[PDB]
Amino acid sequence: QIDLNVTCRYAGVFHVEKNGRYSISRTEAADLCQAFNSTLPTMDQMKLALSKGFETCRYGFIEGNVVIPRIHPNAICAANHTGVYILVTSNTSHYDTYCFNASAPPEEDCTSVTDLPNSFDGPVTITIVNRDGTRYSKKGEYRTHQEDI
């Protein structure tokens, strides 16, 4: 069973938490985004997302780096840095992910995500979990690297 918690989209950019916080690899992140018909964001898209009001208190993959977008300074979220803060030093490889959907509205889309459109045949119950609690489930798979499984 896999629970994927999603935020609102901002300029098409959203945060995905898979079950436990920080349990996704780089290769899984890419696979996951792919299941949403999305891609790992470029820095520039992430900068745009941020300027429209996107912030989280969780580190996550983009294309090339691990980042956390911050608008409002906070002691436990990136130590009061603001902007798209790049993670510099870490021992470990697992974080959350950000994904980018080019088809999303240009601003805040807080409507509910109701499908993992591009997931493939598999045995896992995959549940998408919105912040307002609304859920969509399907039996399938999205991971293409065996070590991720």
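For the two forms, the rigid core is made up of the largest set of C-alpha atoms that agree within 1.5 Å on superposition. Start at 1 with the first residue shown and count on from there.
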- Query: When the other structures are laid on this one by the rigid core, do the CA atoms of 35-43 or of 89-97 sit farther away in 8 other deposited structures of this protein?
  - Reply: 89-97
- Note on the structure: Of 19-27 and 6-14, the one with the larger RMS C-alpha deviation from the shown form in 8 other deposited structures of this protein, core-superposed, is 19-27
- Would 3-11 or 139-147 have the larger average of its C-alpha temperature factors, as given in the entry? 139-147
- Query: On average, which has the higher Cα B-factor in the deposited entry, 83-91 or 113-121?
  - Reply: 113-121
- residue 127 CA temperature factor, ranked by third within the chain: lowest
